[PDB]
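Bear in mind these aren't lab numbers, they're just calculated from the coordinates by the rules spelled out. So basically every Cβ, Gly included, is an ideal-geometry build from the backbone, and we count neighbours across all protein chains shown.
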Ligand SMILES: [Au+]
Ligand SMILES: [Au+]
Ligand SMILES: [Ca+2]
Ligand SMILES: [Mg+2]
Ligand SMILES: [Mg+2]
C-alpha cells in the first residue's frame, strides 16, 4: 500500500526512544497531545469537582439469584440540576458471597441500559435514542426495546466467569446525532461554535468511561484496579481513547473500532477521514477535518493510539466481512504498535499477516478476526473472557 507510518519510538525531535522511562515520561505525553489536538480534541478536565454518586436501585437477587444489580446516577456537580449519567452494574453473587471483590468489564451501550438485558427492572432510558434503535417510538425507548441489544451483551456468561458488568448509555454523555454536542455534557462543562481543538463525541464518551471508573472505585463489591474497558465500533473508538488517556484501566478491548479507532488512517481502505467527518461531524475535533483527503499529512496514525495502552493488555479484533472498518488496517496497526509492547517485554501476534479466522494471536497484545459481518458476537466475547482470565491484573501480589 501507498503510505508510510510515523515511528512511535522516534520522538518529535528525532531522538530514538530506547527505554520504558523515556516512553512513559516523554513520548506518551507527546503522542497524547498530538491525538488531542489533531484527532479527538482536548479533554478539558478529568474528574469534575462535586461529582455525586446516588444508588437509585439495588437488587440482591437479580437474574434469578445469580446477580446483584445496582443502578447508580453519577451526577457531574453537586447542584441537583447538574448533568448526569445512569450506570447499570451487575455483580456475580457467587463472588460477593465469598466476600471477594469482582473484576469488571465496563463499556458503553448504543441504545440504553434497558437494551443490554431483558431484565424488566432496569430503568427505561428517557433520553433521546436514534432511529436505528430497535423498537423505539419518536426517538424514545418503549417497553418493546428491553433486551433489544442483548446479543452484544452475554451478561450471564460474563457473570458466571467471575466478572461484573458495568454499562452506561452513550447518549447520556453525547447523543449520537450530528448536532448532539449542543445537548451534551460538553455543552455544560461564552461563545457557541466549538473551537478547532475542542473535543467531540468520542472524547466525551471516553470521559464518561473514566467517570464510571471513578464510581467503581467507591463500590465495595468490585475491584476498580481490575477493570477491562471495552467497546464495539464507535464505542470501541471511545474505549481505546479512554484506555489510552486513563492508565487506571487495567485492560482495553477494541471490537471492530475501525476508522479513528484501531485501523490505520494512512492506509486508504474502507471508511476514510473525509467520509467519517462528513457523515459524523460531531465525532472528532474540527481539527481532524484538515486531514479529509489528506491522510498523508497526519502526524500520527492509530498504531500510536494502540501503543498508548502499553504495557497494559490490549485486544484488537475484526470481522472478516467488515471491509468498511478495514480489518487488515486494524491488524497492521497492531503490528506497528508491537515494538512499543516489546519494549515492555510483551509480545504481539506471531505472524506478519492476518491470522486465520477464529485463531487469536498474541500475548498481552492480542488480535483475532472472526467470520461474518460487523457486530459483537459470542465468539468475540469467548475470546475476550479467555484474555481477561490470562492477562487482567490479579487480585494478588
Ligand atoms: Au479515522
Ligand atoms: Au479512515
Ligand atoms: Ca479506513
Ligand atoms: Mg430475577
Ligand atoms: Mg488502588
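Would you please calculate the Kirkwood hydrodynamic radius of the chain over all C-alpha pairs and express it in Å, rounded to one decimal?
21.1
Can you give me the C-alpha center-to-center distance between region 280-299 and region 329-349, rounded to a whole angstrom?
25
Roughly how many whole Å is it from the C-alpha centroid of region 258-279 to that of region 115-190?
Each part's Cα centre sits 25 Å from the other's.
Size of region 304-397 along its principal axes in angstrom, Cα-based, largest extent first?
Sorted largest first, the three principal extents are 41, 27, 21 Å.
Using per-residue counts of other Cβ atoms within 10 Å, averaged over each peptide, order 126-133, 230-237 from highest down.
Ranked from most to least packed, the peptides come out as 230-237, 126-133.
If you take all C-alpha pairs in region 1-91, what percent of them are over 17 Å apart?
Of all Cα-Cα pairs in region 1-91, 70 percent lie more than 17 Å apart.
How far, in nm, would the chain grow between residue 10 and residue 33 when pulled straight, counting 0.36 nm per residue and subtracting the alpha carbon separation?
Extra length from residue 10 to residue 33 when fully extended: 6.7 nm.
Based on DSSP H runs of at least 4 residues, each adding -39500 (n - 2.57), what is the mean residue ellipticity at 222 nm of the chain after dividing by all its residues, to the nearest 500 deg cm²/dmol?
-7000 deg cm²/dmol
Can you grab the distance from the C-alpha centre of region 350-373 to the C-alpha centre of region 30-97, Å, no decimals?
32
In bins 10 Å wide, starting from 0, what share of all Cα pairs of region 202-280 does each bin hold, as a percent?
Spelled out bin by bin, region 202-280 gives 20, 45, 24, 9, 2 percent.
Determine by what factor the alpha-carbon radius of gyration of region 180-234 differs from 2.2 N^0.38 Å, reporting the quotient.
1.44
Using all Cα-Cα distances in region 75-124, what percent lands in each 10 angstrom bin from 0 up to the longest?
Going from the shortest bin to the longest, the percentages are 19, 36, 36, 9.
Using the Kirkwood formula over every pair of different C-alpha atoms, what hydrodynamic radius in Å results for region 268-347?
So the Kirkwood estimate lands at 13.9 Å.
What number, in percent, do you get for the relative contact order of region 295-397 if the mean sequence gap of Cα pairs under 8 Å and at least 6 apart is divided by its residue count?
RCO, region 295-397: 28 percent.
Size of region 220-362 along its principal axes in angstrom, Cα-based, largest extent first?
Taking max minus min along each principal axis of the Cα atoms, region 220-362 gives 44, 38, 28 Å.
Calculate the FRET efficiency for residue 82 and residue 132 from the Cβ-Cβ distance with a Förster distance of 35 Å, rounded to the nearest 0.05.
That pair, residue 82 with residue 132, gives E of 0.75.
Would you mind telling me the antiparallel percentage of the DSSP bridges in the chain, rounded to 5?
50
First measure r as the distance between the Cβ atoms of residue 2 and residue 143, then evaluate 1/(1 + (r/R0)^6) with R0 = 56 Å and state the FRET efficiency to the nearest 0.05.
After rounding, the FRET efficiency stands at 0.60.
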